[PDB]
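In what follows, a structure is listed as C-alpha cells, so that the remarks can point back to it.
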Amino acid sequence: XXXXXXXXXXXXXXXXXXXXXXXXXXXXXXXXXXXXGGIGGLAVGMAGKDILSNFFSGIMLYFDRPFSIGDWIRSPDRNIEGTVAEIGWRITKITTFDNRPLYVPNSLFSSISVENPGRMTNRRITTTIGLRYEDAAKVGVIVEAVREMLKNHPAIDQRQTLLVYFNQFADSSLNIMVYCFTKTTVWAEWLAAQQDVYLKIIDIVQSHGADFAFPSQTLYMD
Amino acid sequence: XXXXXXXXXXXXXXXXXXXXXXXXXXXXXXXXXXXXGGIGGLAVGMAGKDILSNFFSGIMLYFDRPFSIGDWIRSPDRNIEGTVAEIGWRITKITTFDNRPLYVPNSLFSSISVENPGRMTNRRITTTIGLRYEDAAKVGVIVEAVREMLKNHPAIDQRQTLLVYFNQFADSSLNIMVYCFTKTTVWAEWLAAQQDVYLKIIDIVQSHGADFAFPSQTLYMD
Amino acid sequence: XXXXXXXXXXXXXXXXXXXXXXXXXXXXXXXXXXXXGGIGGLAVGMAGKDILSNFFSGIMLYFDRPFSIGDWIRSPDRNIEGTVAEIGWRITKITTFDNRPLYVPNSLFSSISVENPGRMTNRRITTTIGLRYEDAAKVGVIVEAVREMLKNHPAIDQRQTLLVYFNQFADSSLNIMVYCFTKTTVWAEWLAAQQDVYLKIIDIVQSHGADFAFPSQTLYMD
Amino acid sequence: XXXXXXXXXXXXXXXXXXXXXXXXXXXXXXXXXXXXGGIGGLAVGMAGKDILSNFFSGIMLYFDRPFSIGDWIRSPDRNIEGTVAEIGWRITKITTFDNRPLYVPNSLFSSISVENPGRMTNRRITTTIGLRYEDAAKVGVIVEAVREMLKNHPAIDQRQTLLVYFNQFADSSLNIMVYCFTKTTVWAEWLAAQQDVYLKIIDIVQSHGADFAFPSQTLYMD
Amino acid sequence: XXXXXXXXXXXXXXXXXXXXXXXXXXXXXXXXXXXXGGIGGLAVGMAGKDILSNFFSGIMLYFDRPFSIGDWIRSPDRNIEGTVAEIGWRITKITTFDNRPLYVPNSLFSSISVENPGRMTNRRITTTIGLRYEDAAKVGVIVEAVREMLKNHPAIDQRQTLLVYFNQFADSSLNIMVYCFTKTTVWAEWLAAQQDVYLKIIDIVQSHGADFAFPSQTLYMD
Amino acid sequence: XXXXXXXXXXXXXXXXXXXXXXXXXXXXXXXXXXXXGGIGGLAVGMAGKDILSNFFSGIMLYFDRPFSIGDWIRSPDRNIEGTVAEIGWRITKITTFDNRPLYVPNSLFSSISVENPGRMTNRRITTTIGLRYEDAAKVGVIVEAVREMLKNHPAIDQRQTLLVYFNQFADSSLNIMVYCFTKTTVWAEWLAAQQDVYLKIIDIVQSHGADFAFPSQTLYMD
Amino acid sequence: XXXXXXXXXXXXXXXXXXXXXXXXXXXXXXXXXXXXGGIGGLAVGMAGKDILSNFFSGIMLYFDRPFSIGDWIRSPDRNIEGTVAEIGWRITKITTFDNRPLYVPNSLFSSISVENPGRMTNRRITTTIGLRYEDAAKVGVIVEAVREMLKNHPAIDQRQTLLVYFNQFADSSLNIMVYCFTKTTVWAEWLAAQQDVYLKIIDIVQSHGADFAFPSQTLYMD
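Protein chains in written order, with my numbering: chain L, 65 to 286; chain V, 65 to 286; chain E, 65 to 286; chain G, 65 to 286; chain B, 65 to 286; chain H, 65 to 286; chain D, 65 to 286.
Listed below in C-alpha cells is the structure:
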C-alpha cells in the first residue's frame, strides 16, 4: 500500500509538471546511466567487517597461544567461561560448565582480557571470620594459633602467601581475613582442603571459647 | 511557519544586498549546476548497512551452523532465549518460552556469544545447604552420607562431577554446595530428579538431627 | 563581546606584522579563492544519516513484516511496548498501554530484537509457592494433586508444558514452581484462569493442612 | 618550559647532525611547501557534525510532526520531560515541570523514542492491593464487588479495559491488581478520581471485614 | 631488550636469505622512497578532532545562548552543576557548589541536554505524607484543609499548580502528595517557606488527631 | 595443524582444477603483482590514532592550563583523583591519595570534565540532622539557634552561603540540612571545624531536650 | 536448502525474463569483469585494526615505562590487577593474585588509567569508628588520645598525614575516621600494624568506658 503512495506522489508531481507545464529546456539526468560498480565494490569490503575481523584473529590465535584446547578459560569483562573444545578460523567452541556449547566470534578476543585458570599454578583460599566485638581480647592468640595451624597443614604451598590478620571492622563483626593457597589445582582436592580447614578453624575458635558473629542490632523500645 | 522565516531571511538579505547595493562583479555560483550523482551514489551503500550486515551473516549461518531449527538457544549478553522456528537471509524467528514470536536481525549474531542448550549433553543440578553454626560438628558425616546418596542414585551421570563440600561461611549459615549432573536432558525428568534429591537430602539432615538455617540475628535490648 | 576579542587579536597581529614589519615577499594565500563546493556536497550526504537510515528501514518493514498494524509489540532491550496505529516511511506511531502516543525512528528497528505477543499462540502462567521448611514431608503429594488439578482444568492447553516440581530452596521458603499455558490469548480470560487457579491451589494447600511461608528469621536474645 | 624541551631536543639533534657530521647529499624535504588546503577543507565538514545533524533534524521535525508547542513530552530512554515552548532549527526549549528551561540538540531526537502524553486520549490508573494470606477466602467476592464499583463509576471510560484479578502472590501479601482508565486527561480530575476510588476500595475491604497486608515475618526465638 | 629481538630476527632472516641464498633477480622495494607527506597530512586533521569540535561549539555557544555567565546550570545526563565563571573558545569554567573549579570541553555540550535553573521562573515544593492505614477515614478532610492552608499561604504562586491528593498506597503508608511552587527563586526564601509549610502540615495532622506512618510490619511468633 | 588444513584445501582445489581439468584460457591474476604501498601507507596514519591524539592534547594542555603540577584533581566521570607530579607530551603522572602512581593518556582529557579542588577558594560542609517526629515543635528555634551558632563561628566565610532549614521528611526522621563553607582550604583545619561544629550542634540539640533519630519502625504482633 | 532458494529465485527471474521475453538490446554488465584488487587491498589494512593497535602500544610501552616486570598493577576502570610476568609486542601476561595467568591486548592500555602500587612509597590505613549517640561527650578526648597513640606509634610515617576527626553522623552511629600511612610497603607488615592499631584503639575506647555502635533501631509496639 505505501509504495503505491510513494510512486503515486512521484508520478503525480512529474506528470503534472510535464503535462500542465512542460519542459522547454532539456535536462540530461539519468537515473540509471551512472556508471559509478565503484559504489558496490567499495561497499563490499566495508560491509563484511565482523567476518574479516574473525579470520585475522583466528590466524593470530593460531600463532599467538593465549589458550589451548581443553583449557578452562574465563573472562573478567564478559560471561565467557568454559573449556575449549575446538578452534575455527573465525570462531571457537566452548563447553560451559553446564556441559553446554558456546559459539563465539574470535574478533572479540582482540580487545578483551583473557584468563586461563587451567594453566595456573595453584588454587586459592580466602575467608572472613565474623567475630563479635565481645571477642576483641583474644584476637591475636586466635590468629596466631590459626597461622600455626595452616603452617603445619600439608596441602598448603607454604612458599606462597599466608596471611592471617585482623584487617577490618564491620557492622557487628570483627572480620579477620584468610589468604592461603594450595599446591594442588584439582578442584575437589582444593575443596576438601577448604572443608577441613574451616572445620579446624571452628574447632580453634570454640576451643578458645569465643564465638562467631551474626548480624546484630541494638534496640530501644517504647 | 518557520520555513517562511528561513526563506524570508535569505530572500531579505539577498534582495537587499542586490537592490540597496548591487554586484558590480559577477560570481559564478550555481546552487544546482553541481554535477556531484556521486554524492547520492556514495550515500546509497553507506545508508543501508544494517540490511547489508544481515545478508552476510545470514549466508554465514547458512554455512556456519551454530544452531539449527527447533533448538533451544540462549545468550548470556542479551535476553534472547527460545527455540528456532525459521531462518531468513537477514533475520530468524524464535518462539520464546512464552509461546511468543521473536524477530531478530542476524547481524547481531556476528559479535555476540551464543549458546545451544538443546545441543547439550546433560543438565545440571546445584544447591546450597543453609546450616546453622550450631551444626558445625556433624558436617563431614552429613556430607559423606550425602555424597554416598548421590553416588547410589540412578539418574546421575556418575562419570561427571560430584562435589559435596563445605565451601563457605555466610551470614548465619554454613553453606554446603552441591554440584551434580543428570544423564538426562528432559526438563521434567531433571526436575523429578531434583525433587527426589532435595527430599532425600532433607531426610538425611533431619535424620542426623541437625537442621537448616534461616537468616538469623542477635539482639541487645533496652 | 568575544568575537571582538578573536577579530581584534587577528587584526592586531596582522596589522602589526604588516605595519611594524611589512612583507617583502608575496604570499598567494586566499581565504575565499578555494574552490573546494566539494566539501559541502561531501558533507550533505554524511550529515543526514539518521533520516537516510529511517527511509531504508521503512521500506524494508514495508516489505519485511515483523509486525502489522494493531499488534501488541514489546522489546526486551528498550521500553517500547504498545499497539501499532500507523506506519510511516521513516517512523511509526504506537499507542502505549497508557492510551498515549509514541513516535519512533524506524532505523532503531534494524539493530534490535522485536517481539509480537499479539501474534502469539497462547499466554503463560507461572508462580512460586512459598512453603515452610516444616512442610517438607507433604511436598510430593501436594505437587501431584496440584498437577492433577491443572490436568483436569479446562482452560489449559494440556499439549503445552505442565511442570510442577520443587525446583529450589530459598531463605525460609521451599519454592515449588508452576509453568502452565492457556489455550486463550484474551488477557482477561487468562487472568480469570490465573485467579481461579491460585484459589484452587490455596484450597489444596490448606486442605493438606500445610501452609505458605513468609520471610522468616531466627533470633538470639540478650 | 616543556616546549623548550621539545624544540631544544629537535634543535640539538639537527644542529649536531649538521655540524658534527654534515649532509653530503641533499634532501628536498619542506615542512611548509606541502600544498595539501585540501586537508583543512576536508577537516571542515567533518569537524562540525553535531551542528550539521541538528539542522537536518530541525528541518525534519519542522516537517515531521512528532510534537508541537505546548505539548507535554517524555522520553523512556532519557530524562527529557516537559512542555515545549519553542523550536529552533537545531535545538528546542522545554519548560520542565520544575518551571525550568531545558535546551536540547535536536539531533538527539533522530535516534530515540519519543512520547507525547499531551496528545493522549486518556490517563491511567493502576494499583496493587496487599492482602493477607488469612484473607484468601474472600478474594473473589471482593474482586467482583470491586469490579462492580468501578463499572458503576462515572469518570471511567468503561469501553477501555477494566481488570480486577488476583495476579500474583508475594512476600506476605496477596496482590490484586487494578487497571482502569479515565475518560479525562486533566491531571487534577484524574487524581480526584484516583482518590475517591482508593477510598471506596478501602470501604469495600473493611466492609468485607478483611484487611490489607504490611510486610510480615515469622520468628523463632531462643 | 625487545627491539634487539625484533631487529635481530629481521636482520637474521634477511642476512641468511641473502648469504645462504642470494637473490638472482632484483626487487625494487624501498622502505623510504615512498613519497606518500599525503599520509601525515591526512592524519593531521583527523588526529585533532576533540580540539576541532571544541572550537566549533565554542563559536556556537558564543552565538547560541543556552547559558550566560553567573548562571546556575545542571545537566540530567552528567554531573555537571554549578555557576559559570568564564567562557573559552573551546572550554568553560564552572564554580561548583563546593566553591571549586570545573574545566570542561565544550564539544560535550553539542550532544547533551542542558538546564538553567538560574533562568527559571520559580522553585518547586513536593513531599509525601506517610499516613497510617488506620487513618484512612480522615483523608479527604485532611487534604482539603491542607489545600486551603496552601491557598491562604502568601509565598505561593497560586496561579501555578496546587495538587493535594492521595495518589498511592505503599508499604505501611498511605502517601498523599504535595505539589506547590513558590513565586520566589531565592533558595533561602524557598526553604523558609518549605519549613513553615511542613510545620503547618504537622499541626494540621496532629490537630486532626491522626498521625504519620513509619515503616511497619506484622509478626507471627513461636 | 590448521594452516596445513587451509593450505591443503587451497592446494587440493587448485591442483585438482588444473590437473583433472586444465585451463584452456589464461587468467592474468597475480597475488603479488599488485603495486597497491598505498594500502600500508594509508594504514599507517590510521593505525596509530591514540598516540596521535595524545600528542595533540599534550600540546594543548601545555598551552591550555586546566591544571598545574602539584594540584589536587578529580573527575566526576572517572576515578581519576590525585596530585600531578609530571607532564608528558602524551601522558601525565598522578600520585593518588594512596601515594601511588597513575599513568594516563592525555587524549582522554579532551572529552571529559575536569576539576581542580586544589585551585578552589574554600571547602564545604554539609550534614543532615535526623530528628524525630516527636520533636516537630522545636524545629524553628533549634534551627535559629543553630544558624546563630554558625554565624558567631569564626572559621566560617559568612559571606558565603549559610543555610539551615528543614528541607525534607524521611523514613522516621525529620531531616534538617546544613550548608556552610570554610574560609580555609586546609583539609585538617576544615575537619577540625567540622568536628567542633558537630559537637556544638549536639550540645544545642540535647540542650533543647530533643534528640536525634535512628531508623524506626512500628510493629503489630500476634 | 536456502541457497537453493536464492539461486532458484534468481535463475527463475532471469531465465523467465530471457525466455518468455528476451532482450532486444544488449547490456554490458559483467559480474566478474570489475577490476576493482583495490577493494580487497583497501579492506586489508582496515580489517586488522586491533592487531595494528597492539603493535603500536607495544612499542610505546617498550619506550614509555608505565610499568615494569614483576610490578603489582591495578586499574580503576577494569578488573585488571596482578603482577607482570612478561611483555609482548602486542600483549602482556599477568599473574593475578590467584596465581593465575592473564593475557591482555596492549591496545587497551592506550585509553585507560593505570596504577602501579608496586612502585608506591607507602601503604595506607583508614577506618571508621562506630560510636553511639550516648558517647557524644567523650569524643574529643578519645580522638586526642587516639591521635597521640598513633603519633607515638613507630611504624607510621608521621611526616605523612594523620587525621583523627569526627567527620560525620550516621544511622545510629557517630563515625570518627582514621587516615594514617605506614612507612612500609610490605603487605604483611602493614597488616600487623593495622591489627595492633585496631587493638590499641579498642583498648582506648573501652578504657574510656564508652562503646562502639552496632546498627540500632527504635520500636513502637502494639
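Even for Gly, the Cβ is constructed at its ideal location relative to N, Cα and C.
Give me the Cα-Cα distance between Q258(L) and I189(E), rounded to the nearest whole angstrom. Reading the first sequence from its first residue, position 194 is the one you call residue 258(L). Reading the third sequence from its first residue, position 125 is the one you call residue 189(E). Whole-angstrom Cα-Cα distance: 43 Å.
Determine, using beta-carbon pairs with one atom in the segment 151-171 of chain V and one in the segment 174-189 of chain E, whether at least three such pairs fall under 8 Å. yes
Please look up how many angstroms separate the CB atoms of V269(V) and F276(V), rounded, as I've assumed it's under 8 Å. Along the second sequence, read from residue 1 onward, the residue named residue 269(V) stands at position 205. Along the second sequence, read from residue 1 onward, the residue named residue 276(V) stands at position 212. So it is a contact: roughly 7 Å between Cβ atoms.
Here's the rule I'm using: 16 or more other beta-carbon atoms within 10 Å means buried, otherwise exposed. How should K113(H) be labelled? Stepping through the sixth sequence from its first residue, residue 113(H) is reached at position 49. With 16 or more Cβ atoms within 10 Å of its Cβ, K113(H) is classed as buried.
Is the beta carbon of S177(E) closer than 9 Å to that of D141(E)? For the purposes of this step, residue 141(E) is identified with residue 77 of the third sequence, where counting begins at 1. For the purposes of this step, residue 177(E) is identified with residue 113 of the third sequence, where counting begins at 1. Yes, these two residues count as a Cβ contact at 9 Å.
How should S132(E) be labelled, buried or exposed, when 16 other C-beta atoms within 10 angstroms of its C-beta is the threshold for buried? Here residue 132(E) corresponds to residue number 68 of the third sequence, with the count starting at 1. Exposed is the call here.
In the DSSP output, which residue or residues are listed as bridge partners for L195(H)? To locate residue 195(H), count along the sixth sequence from 1; it is residue 131. Paired residue(s): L238(H), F276(H).
Assigned secondary structure, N231(B) (DSSP; H/G/I helix, E/B strand, else coil): Taking the first residue of the fifth sequence as position 1, residue 231(B) is located at position 167. Three-state DSSP puts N231(B) in a strand.
Please state whether DSSP places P169(G) in a helix, a strand or coil. One-based indexing of the fourth sequence puts residue 169(G) at position 105. DSSP places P169(G) in strand when its eight states are reduced to three.
Taking C-beta to C-beta, are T156(L) and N143(L) nearer than 9 Å? Reading the first sequence from its first residue, position 92 is the one you call residue 156(L). Reading the first sequence from its first residue, position 79 is the one you call residue 143(L). No, these two residues do not count as a Cβ contact at 9 Å.
In terms of residue numbering, what span does the beta strand (DSSP E) encompassing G146(B) cover? Position 82 of the fifth sequence holds residue 146(B). Per DSSP, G146(B) belongs to the beta strand (DSSP E) from 145-150.
With a threshold of 9 Å between beta-carbons, can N180(B) be considered close to chain H, or not? Position 116 of the fifth sequence holds residue 180(B). By this cut-off, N180(B) is not an interface position.
Which same chain residues, not among the five before or five after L226(E), have their C-beta less than 8 Å away from its C-beta? In the third sequence, residue 226(E) corresponds to position 162, counting from 1. Within the same chain, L226(E) has close Cβ partners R211, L214, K215, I220, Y243, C244.
For the alpha helix (DSSP H) holding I137(L), just list the boundary residues, first then last. On the first sequence, position 73 is the one that residue 137(L) refers to. It is not in any alpha helix (DSSP H) - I137(L) instead sits in the beta strand (DSSP E) that spans 136-138.
The segment 210-227 of chain D: which residues have C-beta closer than 8 Å to a C-beta of chain L, in chain order? none
Can you list, in chain order, the stretches of the alpha helix (DSSP H) that have 4 or more residues and sit fully within the segment 100-127 of chain H? 102-111, 113-127
For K113(E), would you say it is in contact with chain V, using Cβ-to-Cβ distances shorter than 9 Å as the test? By one-based count along the third sequence, residue 113(E) stands at place 49. Yes, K113(E) counts as interfacial toward chain V.
Would you say the segment 144-154 of chain H touches the segment 101-119 of chain H, given that touching needs at least three Cβ pairs under 8 Å? yes
Write down the C-beta distance between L238(E) and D199(E) rounded to the nearest angstrom, noting that I regard them as a contact closer than 8 Å. Here residue 238(E) is taken as the residue at index 174 of the third sequence, counted from 1. Here residue 199(E) is taken as the residue at index 135 of the third sequence, counted from 1. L238(E) to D199(E), Cβ: 7 Å. Contact.
So which of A201(G), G105(G), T249(G), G109(G) has the shortest CA-CA distance to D135(G)? Locating residue 135(G) in the fourth sequence gives position 71, counting from the first residue. It is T249(G).
Just the chain D side, please: which residues come within less than 9 Å of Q232(H) by C-beta, in chain order? For this step, residue 232(H) is matched to residue 168 along the sixth sequence. The premise fails here: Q232(H) is roughly 16 Å from chain D at the closest Cβ pair, so nothing lies under 9 Å.
Residues that DSSP places opposite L283(D) in a beta bridge: The residue you call residue 283(D) lines up with position 219 of the seventh sequence. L283(D) is bridged to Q281(H).
May I ask you to list, following chain order, the residues of the segment 130-158 of chain G that have a beta carbon less than 8 Å from some beta carbon of chain E? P130, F131, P140, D141
Going by DSSP, what residue range makes up the beta strand (DSSP E) through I158(B)? Mapped onto the fifth sequence, residue 158(B) falls at position 94. 155-160 is the extent of the beta strand (DSSP E) around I158(B).
What separation, rounded to the nearest whole angstrom, lies between the Cα atoms of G194(E) and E179(L)? Residue numbering aside, residue 194(E) sits at position 130 when the third sequence is read from its first letter. Residue numbering aside, residue 179(L) sits at position 115 when the first sequence is read from its first letter. Computed Cα separation, rounded: 40 Å.
What is the rounded straight-line gap between the Cα of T246(E) and the Cα of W254(E)? Position 182 of the third sequence, counted from the start, is the residue given in the question as residue 246(E). Position 190 of the third sequence, counted from the start, is the residue given in the question as residue 254(E). Looking at the two C-alpha atoms, the distance is approximately 7 Å.
Between the Cα of residue 58(L) and those of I123(L), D235(L), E145(L), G102(L), spot the shortest distance and give me the residue it belongs to. Coverage of chain L is limited to positions 65 through 286, which leaves residue 58(L) absent and any answer about it impossible.
Taking 9 Å as the cut-off, decide whether the C-beta atoms of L283(G) and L283(E) are in contact. As a position in the fourth sequence, residue 283(G) is number 219, starting the count at 1. As a position in the third sequence, residue 283(E) is number 219, starting the count at 1. It is a contact, given that the beta carbons lie within the stated cut-off.
Through-space distance from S139(H) to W251(B), alpha-carbon basis: Here residue 251(B) corresponds to residue number 187 of the fifth sequence, with the count starting at 1. Here residue 139(H) corresponds to residue number 75 of the sixth sequence, with the count starting at 1. Whole-angstrom Cα-Cα distance: 27 Å.
In angstroms, rounded to a whole number, what distance separates the CA positions of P130(G) and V168(E)? If you number the fourth sequence from 1, residue 130(G) lands on position 66. If you number the third sequence from 1, residue 168(E) lands on position 104. Spanning the two alpha carbons is a distance of roughly 9 Å.
At a Cβ threshold of 9 Å, is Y243(D) touching chain L? Residue numbering aside, residue 243(D) sits at position 179 when the seventh sequence is read from its first letter. With 9 Å as the cut-off, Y243(D) does not count as an interface residue toward chain L.
Closest to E208(E) by C-alpha separation, out of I137(E), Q281(E), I240(E), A111(E), would be which residue? Taking the first residue of the third sequence as position 1, residue 208(E) is located at position 144. Closest option to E208(E), Cα to Cα, is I240(E).
Residue-level contact to chain G via CB, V168(B), 9 Å cutoff: Translated into positions along the fifth sequence, residue 168(B) becomes position 104. No - not a single Cβ of chain G is within 9 Å of the one on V168(B).
Among the residues of its own chain, which have a CB less than 6 Å from the CB of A274(G), if the five just before and after it don't count? Looking up residue 274(G) in the fourth sequence gives position 210. Counting only Cβ-Cβ distances below 6 Å, and skipping sequence neighbours, we find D199, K202.
Mind checking if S280(B) is an interface residue toward chain G, Cβ cutoff 9 Å exclusive? For the purposes of this step, residue 280(B) is taken as the residue at position 216 of the fifth sequence. Chain G contact via Cβ: present.
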